[PDB]
Protein chains: 6
Amino acid sequence: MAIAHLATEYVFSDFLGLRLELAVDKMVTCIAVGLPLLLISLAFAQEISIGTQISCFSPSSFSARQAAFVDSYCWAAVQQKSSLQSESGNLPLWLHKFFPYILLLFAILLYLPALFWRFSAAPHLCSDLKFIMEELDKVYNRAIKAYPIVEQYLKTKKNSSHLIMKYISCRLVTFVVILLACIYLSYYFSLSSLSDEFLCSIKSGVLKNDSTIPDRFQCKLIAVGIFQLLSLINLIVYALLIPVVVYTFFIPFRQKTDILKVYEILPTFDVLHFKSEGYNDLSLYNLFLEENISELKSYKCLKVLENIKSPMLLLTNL
Amino acid sequence: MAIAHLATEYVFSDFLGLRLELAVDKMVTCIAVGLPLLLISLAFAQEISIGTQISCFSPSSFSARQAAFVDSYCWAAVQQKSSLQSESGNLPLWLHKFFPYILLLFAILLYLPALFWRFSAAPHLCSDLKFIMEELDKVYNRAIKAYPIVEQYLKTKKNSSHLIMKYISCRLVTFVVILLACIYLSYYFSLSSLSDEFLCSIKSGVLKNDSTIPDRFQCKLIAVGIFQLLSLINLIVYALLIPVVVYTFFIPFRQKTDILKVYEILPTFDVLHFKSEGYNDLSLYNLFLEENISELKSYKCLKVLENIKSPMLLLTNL
Amino acid sequence: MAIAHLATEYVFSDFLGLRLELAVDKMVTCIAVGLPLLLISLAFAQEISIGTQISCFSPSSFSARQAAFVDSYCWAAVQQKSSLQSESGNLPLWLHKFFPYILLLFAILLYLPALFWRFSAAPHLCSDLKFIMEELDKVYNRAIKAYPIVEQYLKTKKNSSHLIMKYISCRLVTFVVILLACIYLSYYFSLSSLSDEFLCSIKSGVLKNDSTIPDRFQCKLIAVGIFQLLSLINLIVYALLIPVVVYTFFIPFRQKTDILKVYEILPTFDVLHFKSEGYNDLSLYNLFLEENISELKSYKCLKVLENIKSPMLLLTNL
Amino acid sequence: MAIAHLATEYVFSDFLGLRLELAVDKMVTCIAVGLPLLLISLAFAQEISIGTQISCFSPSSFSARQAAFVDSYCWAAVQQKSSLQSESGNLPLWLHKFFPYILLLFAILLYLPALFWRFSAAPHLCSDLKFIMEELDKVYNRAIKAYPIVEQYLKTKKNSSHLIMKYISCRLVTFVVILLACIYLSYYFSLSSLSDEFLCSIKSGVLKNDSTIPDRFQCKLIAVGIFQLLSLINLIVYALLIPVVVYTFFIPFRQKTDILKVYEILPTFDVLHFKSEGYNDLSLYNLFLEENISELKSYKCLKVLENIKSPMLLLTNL
Amino acid sequence: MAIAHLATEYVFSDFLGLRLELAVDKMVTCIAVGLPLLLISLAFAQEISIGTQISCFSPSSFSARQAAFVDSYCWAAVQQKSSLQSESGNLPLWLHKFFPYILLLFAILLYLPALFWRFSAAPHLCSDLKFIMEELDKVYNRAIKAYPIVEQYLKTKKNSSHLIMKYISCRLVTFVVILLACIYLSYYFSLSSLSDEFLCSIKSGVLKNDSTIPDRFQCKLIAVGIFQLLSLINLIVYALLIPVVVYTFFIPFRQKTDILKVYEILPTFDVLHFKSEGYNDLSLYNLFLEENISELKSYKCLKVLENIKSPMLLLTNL
Amino acid sequence: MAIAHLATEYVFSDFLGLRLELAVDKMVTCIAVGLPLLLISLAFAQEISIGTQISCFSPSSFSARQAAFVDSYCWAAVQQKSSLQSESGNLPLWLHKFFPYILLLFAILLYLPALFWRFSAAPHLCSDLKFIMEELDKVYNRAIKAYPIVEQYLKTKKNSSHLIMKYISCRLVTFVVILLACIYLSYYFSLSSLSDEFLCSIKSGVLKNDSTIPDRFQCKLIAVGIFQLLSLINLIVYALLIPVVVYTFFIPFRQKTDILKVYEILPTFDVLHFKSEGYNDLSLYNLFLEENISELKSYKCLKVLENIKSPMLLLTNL
C-alpha cells in the first residue's frame, strides 16, 4: 500500500512567502533527508519483506514454537557478542540489525542543520530581507518621483562575518554527516554478502545441558540482501551530494549575477561593486538576495529596463 | 481496498493560478510518473497477491518452520550470486526481486525533471509571464484610451538561449529515462516466463553437512507472472510517450497560433513576426504564452474582435 | 468495513462555478468509471472474499507448507501457457487472474476522455462561456437602459468545426472503450463456469523426478464465481450506456430549447435561427449554453417574461 | 471498531442554502439508503462475524489445507448450479452469497432517484425558487413603500406539467425499488433457515476418481443466520416506507398551508386560490415553497401579522 | 487502540448559533445515544475480547478445521431453533448473539426523536426565536430612544398547541424506547449466567449418520459475561434517565424564571403574566426562550438593571 | 504505533476566547481524565501486550483448539462465581477482567463534572464576564475622558450563592470520584500478585462426565502484572490531585490579588473591599475575573500604572 502514499508525501510534497532556504540547498536537504526515509520504508513494506528480518533452520524435530524460540533468541544473540560464531566478527552482524535505525540516524543528523538553520538563521535573515526589499521599493518609488542607508548597512555586512559563519557551520555539519555516512555505507556495501549468514546457539547453561538441541543453528538475515541493494543506491546519490555541497562553499562563484548593478543604473543607487570576494555576511545575503530579489516588481521592471538598455518616458509608461 | 482510493488520488487528482507547466507536458509527466506507482501498488495489493512473493516446495518431512526457513533463505539467495543454479544466470532473478523498486526508481527519475523544472524554471518564467500579461493589459487599456518595451524585451529573449536550454535539458532527461526504462522493460518482458522458477539450496556448510536436507529446493516467484503482465502494459504506454516527447521538441511547429498577431492588429502593438524558427527563449515563452494568454480578458476580446474582423464603436461597446 | 465508505466517496460524492461538463455526460462518465471501481473493491472485500483467490486440493500427505507451495505455484502457472491442462485453453484462465486489473483498465480508459476533455476543451470553452454570458448581461443591461458582436462571433462558430471535433472524438473514444468492454464482458460472462476449475502440476524437472507428487492437482478460482456475477451487472449497466452515448451524438435533437430565441425577443438581440443542423462548434456551445445560461439572472427574467408574454413597466418593476 | 464510526457518518450526518429536497423525502431517502449500508457493514464487522462466511466439516483425516480447499471450493460451488445437492434448489444458495451485494444494489438503486433528482430537478427548481423569493421581497418592500408577474408565471406553472412529472417519476422509481426489495426480502426471510445448510462435493473428475474424498461435505453458511435477522429489520422499516411514499403522492393534501394567502392579504398581492387540485408544476412548487418560504423574513413578518390579525403603524413598527 | 479515540469523539465532542435543543434534553440525548455506542465498541475491542464471540470444546480427535467447523456451525445454530438443547429455551441464546445489534437498535431508536426534532421543530422554532429576539432588541432600542406585536403573537402561541405536541410526542417516544430497553436490559441481566453455556450438535443428516461425531458439543459465549456487566451499567444510567425525562414534562415547573418579567419593567413592554399553566406552545417557547434569551445583550443589561433595582441615567450610562 | 500518536492528542493537545475554566482546575481535569485513558491504551498496545489477556496450560494431549476452548471458557468463568477455585474469592478476579473498563468509568465520571460545568456554568459565567469586562472598559474610557452599576451588581453577587454552589458541587463530585478511585486503586494494588493466577475447570455437566479433561486448568492473567504497575502510577498522581482539589476550596486564600483595587485607584471606581470571606458568587467571579481580567488592555495599563505608582499626563501618554 504505502509506496504510492510515500511518493505523495516524501516525493511530491515539501514534507520538511520569503525564500529562507536556497532552492539548491533546500533540494539538497530534501533529497538527503528524503532518500533514506523512503528507502527504509521500502525495505520493510510487505511488497518486499517476506516476513521476519531473521529466520533459522531448526531441526525438523523441533516444534514450531521451539523453532520460533530459536529465531527470536538468535535475533537478540546477533548483538550479544558472546553468543555467535561469525566468520567476520560480531560488528557486521550488529550493523544488519542496527541498519534501519542507522539510516534514520543519518537522516535525522542531516535534519539537524536544517532545524538549526530554521531557528538560528531564517528569522534573522527574514528581518534583513524584508528591510532590504522595502528600501529597494523606496529607491524605486523615489526613482518614479523623478540617503545611502541600506548600502551602508550592507557595507557593514561586508565587514561582518557572524551570519556567514552560521551558514559555514551549517554546511560543514551537513557535509561531514554525509561523508561519514558514505564511508559507513561503503563499508556496509563492501561487507561480503555471506555475512547475511551466521551461526547461532541457544546453549546457555540450562539449554547447554540439553543434548537434544544442536550445537549450532544456521540462520540468514533476509533483509541484508535488500539492505545492500538499498545501501548502494543511497551511496550513489550521496556521492553526488558531496560535490554539490562543496560547490555551495564557492559563494563568490555562486554569486552569478550582481543584481545590485541593475539598481546601480538608477541615480537613486550607488556604486555597489559588491563582488564579496571577502567571505562575509554580505556574500551570504547576496546569494539569498539573488533568489529573493526575484520577488520584487521593481527588480523585474529594472531588469527588463536594463536588458532593453543593454528612460523617463519608459519609466512613466510602466 | 486500496484500488478505488488509488484511483481517487493518482487518477482523479493532480497528486504531483499561472500555467507553469504545459498541459501536454504536465499530463505526460503525470501519466509517466503515475502509471508505475499505480501498477506497483496493484501488484502487491491483496486483490492480486496470494501472499509472499516467493515460495518453495520443501520436503513433506520438513516442519512448517523448516519450510519457512527455505523460503526466507532462498529469498536472500536470489540476489546472492553464489547460491543459485539459474538456467539463465543470476541477473534475471535479481530483476524479479528488484522489480518493484526498479519501477519506483524510474518513476522518481521521471519526477526529477519535474522537480528540477519547478525550481529551475517555474518561478523565473512566472516573473516573466506576469510582466508580459500586465504589459498586454496596458496595451489594451491604452487601446481603450483612444513604448515598445515588452516586445524589445522579448526580442532579447529571441536572442537569448538560457531558459530554453533549461527546457531542452529537462525534456532530454525525461526522454532518456523513459527510453532506458523501455529497453529494460522490453528485456524484462522478453525474459522467458520459466525464469520465474529457480533452484535453491540451503546447503551452506553447517547445513551442507546435513544429508537429510535435499540438494535443491525448487521455487517459484509468483509475482513474476503479474510483473510480466504489468511490464507489458507499462511498455505500451511509455512507447506511446516516446513520440509525444519527440513532438515536444518541434517547438516552432508546436507554435500553432501567433497570438501576438492578434495584438499586432492594435496600433498600440508592433510587427511581431515572431515565428521563432530560431530555437530561443522567445519560442519557449511563445508556447507558454499561448496557453497563459488564454487567461487574459483582453486577449479574449481581441481574439473575438479579430475573429469577427476576419472598430472603435465595438471596442467602446465592450 | 469499506462498503459504506465506498458508498460515501464513489456514490455520494463527485470523486472524479461553470458547468464545464454536461450533466448527462458527466453522470455517464461518473457512472461508467464508478461502477467497475466499486465492483472491484466489492469483490475482494472480506465481506465477500473467503481468502485467497485460488486454492488447490493437495494430497493429505502434504505438509501445510507443501500445500501452500501448490497454491502459489499454480497461481503463477495460470498465466504460464506451458503449465496447464485447461479444458478451454489457457486464455480464459489468464482472464480470471487478470480480471480485476482488466476492469480497472477499462475504468482508466474511460477516464482518459474525461481527462482529455478537462485539458483539451474545458478551459477553452470556459473562456467562451464567460465572454458570452457577460455579453448577454450587457444586452440585458442595455435593454434596461431603454453591436452584434457575440452573435457574429458565434456565427463564426457555426462555420467552425474545431472544438466540436474535440467533443466528437471524446465521445467516440468513450463509446469504443465501452463497446469493447461489453464484448469482453459478454465473452467473460459467456465463459462456462467450469473454467473456474483447472488442473495444475508442479512437476517441473526437479519435482518432475519426484514420484510422490501427484501428476495433477485440481484447483478452483473462487473469485471467478463472484466475478461472473459482477461481470453481468456491469454488462447490464454498460449496455444501457451504449444507447445514451449514441443519443449524445444527436446534438441538434439534443438542442431542446433555443434559449437564444428568448433573447431574440429583445430589440438588443438579433434573428438567431440557430438550430445548428450544421454540426459545428456553435451546436456544441448551444448545448453547453443551454445548461450554462440557466445560471443567468437575465435569462431567468427574460424566460419568465417570455413565458408570461407567451413590457417596459414590467422590466422596470424587476 | 466501525460501529460507532458508522453511527457518526451514516446516522449523525447527512452523508448523502435552499431546501432543494423536501425534508420528509430527504429523510425517506436518507433512511432508505442508509439502513442497508449500515446493516451490511454490521453483518461482516468482527463484532458479529466469527470469520469466513462459509465453513465445511472435512473428514478429520484431511490436512488443514485440504479442509481449506473444501471450504473454498464449495464457496464457488454455491453458485455453480451443477455442483450441489440443495434441498430447495440452487437459487436460495446463490441468494445467501449474493445477499450482501443485493442489499447494496437496492441501496444504489434508491440513490439513483436521488442522484437523478439532484441533476434533473434541483438546479432548475433552485432558479425558480430564488426568482420567486426575490419577487416576494419586492412585494414586501413595495408594501413598505406605502405588476402581477410572478403569479402569472406561477399561473403558467399551474398549466405546466413538465417538472411535476420529473417528481412523479422520481417518486415512482423509488417506490418500485422498495416494493421489489420488500418482496425479495420477504422471500429471503421466508426461506427456511435450513437453507443455511447445504451439501457439497469436490468430486470433479480428478477428485471424483479419488475414493478417499467423501461423496459429500456438509456445510453451513454462518452469515445466513445474521442475514435473516437483518432482512427482517430492513423489511419492517421499508414496509413503513411504502405508505409514506404513497402519502407523498397526495400532493394537494400535502399542501397543508396556502402561504400565498398570507401574502394575499397584501394589496401588493392577488387572489391566489392556488389549491392546485390540478396536479401541475405549481403544486410541486407549492410544497417546495411551503418549506422554502419559511426562510423569508417577509413571510415571517406577514405570518406573524396574519396570525395577530386572525396595519400600517405595525408595519412601520417592524 | 480505539478507547482513547472513542473518548475524544463520543465523550469530548458533540458527535450528534441558536440553542435549538435544551441543554438538559441535548445532554440526555447525547448520553442516551452515546452510552450504548461506547459500550458496544468497548465489548469487542481487543483490549477485552479474547477472540471469537463463541468457542466449543471439540473432541481432541478433531482436526483444528473440524473444531473450527463446530464453532462456526454452532454460531448459526444459536439462532436456529431446531438445533439446540438450551436449558432455558432458544430465545436467551438469540439475545446473546443479537445483543450487540440490540444495543445499537435502541441507540438508533433514541436518535429518531433527535432527528425528528431537528427536522420537525428546530428550523420552525429558529424562525420564531430570531423574530422574538429581534423584537426584544427593538423594545430595547425603543427604550433607549426615551406596538404589542410579539406579545400578541406569543399570546396566540398560548392558545396554540401544535408545536408543543411535537415536543410532547418527541419526549414520549424517547421515554418509551428507554423504558422498553430498561425492561429488556433488566431481563437480559436477570438471565442467569449459565445461559452463556449451551449444548450444540452438528448432527444434521449427513453428519447425523457419522458415529464418530459426538452427540453434543459444549460451548460458551465468552462475550455474554462482558455483556451482562455492560448491561447492568447501561441499566443504571438509563434508570437515572427515566426520572429526568419525567421531569421534562413538568414544563411550568421547569419555567424557573419569567424572563419576560425582566422586560415587563420597561414601559415598552406589557403585563406578561405568562406562567403558561396552560400546556401550550408558549410554554415550550418560554423554556427555549429562557435559554436563548441569555444570548441577548439587552436581556443581560435589563437583568443586571433589574437585579440592581431589586433608571434613565443608568440606561444612558450603558 | 499508537504511543506517539497518543502523546500528540492526549498530552500535547487540549483533547477535552474567554477562560471559562480555571487553568489549574482545567489542568487538574485534563490530567485526571487524561492519565487513565493513556494508561488504558498503553496496557493493551502491542508494545506491551504479548497477546490475549488470559492463557491456560492445557494438557499437551489437547488439540490447539481444545486449548483455545479452555482459555476462552475460563475467560467467561472468571466472572462466573460458580466456576472457580480462587484463593481470595471471586471478586478480585472480576476486577482484573473489569479493570480496563473500571479505569474508563472513573475517567468518564471525572468528565461528568467537566461536562456539567460546561453546560451548567460556562455560558452563564461568560455572559457575566463579558458584561463586567465591558463595564471596566467604560470605566477606563470614562477615565480617559478626564454610575456604580457593575459593583452594585457584583455586590448582589456577594449576597448570591447560586452559582458558587454549582462550583462547590462540581468540585465535590470530582473529589469523591477521585477518592473512591484511590481507595479502589489502593485495594487493587494491595491485591497480592498471586491473584493473577487462578484455577479453572470446564467440567460443566457434559464435560464433567468426560474423564479425559483435567479437574483443573491453571491459568494466569498476564495483563494483571501490567495493571498493577499502571495502578500504582495512577494512584500516585491521583493522590497528588487530592490536596490540589482541597486547595481549590480555599477560595478566599486563592483570591491572591484584589485586581478590583487596581481599578479602585480610579475616581471612576469605588471602595471595593471585596475580599469575599463570605463564600458567595462574587468570590467565584473574583477568581475567574483574576484570570479573565488579564485579557484587558485597561487592566494591563492600570496595573502598570499602579505598579509604577506603588497621572493625567501618563494616561494621555498612553
# chains A, B, ... in the order shown; residues from 1 in each chain; ligands from 1

call {"tool": "residues_around", "arguments": {"residues": "stretch 296-305 of chain C", "least_positions_apart": "4", "cutoff": "8 Å", "atoms": "only C-alpha atoms", "output": "PyMOL selection string"}}
result
(chain C and resi 133+136-137+140+262-263+292+309) or (chain D and resi 127+131+149+153)

call {"tool": "residues_around", "arguments": {"residues": "residue A:151", "least_positions_apart": "6", "cutoff": "10 Å", "atoms": "only C-alpha atoms", "output": "list in words"}}
result
residues 132, 135, 157, 158, 260, 269, 270, 271, 272 and 274 of chain A

call {"tool": "write_last_selection", "arguments": {"atoms": "N, CA and C atoms", "output": "compact mmCIF listing (two decimals), in the first residue's frame"}}
result
# COMPACT_ATOMS: atom_id res chain seq x y z
N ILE A 132 15.61 45.12 3.43
CA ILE A 132 16.32 45.43 2.18
C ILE A 132 15.34 45.59 1.03
N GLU A 135 13.50 48.91 1.29
CA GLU A 135 14.37 50.01 0.89
C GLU A 135 14.52 50.09 -0.63
N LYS A 157 27.68 44.69 6.68
CA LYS A 157 27.62 43.25 6.47
C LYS A 157 28.81 42.72 5.68
N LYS A 158 29.38 43.53 4.78
CA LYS A 158 30.63 43.12 4.16
C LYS A 158 31.78 43.08 5.16
N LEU A 260 22.45 43.97 -7.72
CA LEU A 260 22.70 45.33 -7.26
C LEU A 260 23.09 46.25 -8.41
N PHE A 269 20.72 55.08 -6.61
CA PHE A 269 21.52 53.94 -6.19
C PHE A 269 22.99 54.30 -6.35
N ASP A 270 23.86 53.42 -5.85
CA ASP A 270 25.26 53.74 -5.63
C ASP A 270 26.15 52.67 -6.25
N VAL A 271 27.45 52.96 -6.27
CA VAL A 271 28.48 52.16 -6.92
C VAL A 271 28.78 50.92 -6.08
N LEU A 272 27.86 49.96 -6.09
CA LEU A 272 27.99 48.71 -5.32
C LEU A 272 28.75 47.66 -6.13
N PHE A 274 29.82 45.00 -5.43
CA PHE A 274 29.74 44.11 -4.27
C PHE A 274 29.95 42.65 -4.64

call {"tool": "interface_residues", "arguments": {"of": "chain C", "to": "chain B", "cutoff": "6 Å", "atoms": "only C-alpha atoms", "output": "PyMOL selection string"}}
result
chain C and resi 16+37+41+44+52+62-63+65-66+69+76+153

call {"tool": "write_last_selection", "arguments": {"atoms": "C-alpha atoms", "output": "PDB file, in the first residue's frame"}}
result
ATOM      1  CA  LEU C  16     -13.883  12.418 -10.403  1.00  0.00           C
ATOM      2  CA  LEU C  37     -14.100   0.642  -9.338  1.00  0.00           C
ATOM      3  CA  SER C  41     -13.437  -3.252  -4.345  1.00  0.00           C
ATOM      4  CA  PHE C  44     -12.047  -8.619  -2.795  1.00  0.00           C
ATOM      5  CA  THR C  52      -7.005 -16.284  -1.419  1.00  0.00           C
ATOM      6  CA  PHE C  62       1.417 -32.854   2.061  1.00  0.00           C
ATOM      7  CA  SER C  63       2.572 -30.617   4.856  1.00  0.00           C
ATOM      8  CA  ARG C  65       3.596 -25.623   3.524  1.00  0.00           C
ATOM      9  CA  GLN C  66       3.707 -28.145   0.675  1.00  0.00           C
ATOM     10  CA  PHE C  69       3.520 -24.214  -2.415  1.00  0.00           C
ATOM     11  CA  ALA C  76       1.862 -18.361 -11.401  1.00  0.00           C
ATOM     12  CA  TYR C 153     -18.598  35.564 -33.160  1.00  0.00           C
TER      13      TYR C 153
END

call {"tool": "atom_distance", "arguments": {"atom1": "atom CA of residue B:40", "atom2": "atom CA of residue B:28"}}
result
18.7 Å

call {"tool": "residues_around", "arguments": {"residues": "residue D:113", "least_positions_apart": "5", "cutoff": "12 Å", "atoms": "only C-alpha atoms", "output": "PyMOL selection string"}}
result
chain D and resi 21+25-26+28-30+32-33+106-108+118-122+166-178

call {"tool": "decode", "arguments": {"residues": "stretch 157-172 of chain F", "atoms": "C-alpha atoms", "output": "PDB file, in the first residue's frame"}}
result
ATOM      1  CA  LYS F 157     -23.349  38.508  43.727  1.00  0.00           C
ATOM      2  CA  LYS F 158     -21.722  38.870  47.143  1.00  0.00           C
ATOM      3  CA  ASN F 159     -25.199  38.249  48.526  1.00  0.00           C
ATOM      4  CA  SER F 160     -25.837  35.476  45.988  1.00  0.00           C
ATOM      5  CA  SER F 161     -24.820  31.836  46.485  1.00  0.00           C
ATOM      6  CA  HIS F 162     -26.432  30.125  43.464  1.00  0.00           C
ATOM      7  CA  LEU F 163     -23.511  29.967  41.017  1.00  0.00           C
ATOM      8  CA  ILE F 164     -20.873  29.246  43.683  1.00  0.00           C
ATOM      9  CA  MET F 165     -22.924  26.221  44.772  1.00  0.00           C
ATOM     10  CA  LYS F 166     -22.714  24.982  41.176  1.00  0.00           C
ATOM     11  CA  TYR F 167     -18.923  25.183  41.510  1.00  0.00           C
ATOM     12  CA  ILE F 168     -18.939  23.707  45.030  1.00  0.00           C
ATOM     13  CA  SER F 169     -20.919  20.679  43.847  1.00  0.00           C
ATOM     14  CA  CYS F 170     -18.758  20.354  40.719  1.00  0.00           C
ATOM     15  CA  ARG F 171     -15.602  20.292  42.857  1.00  0.00           C
ATOM     16  CA  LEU F 172     -17.139  17.910  45.410  1.00  0.00           C
TER      17      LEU F 172
END
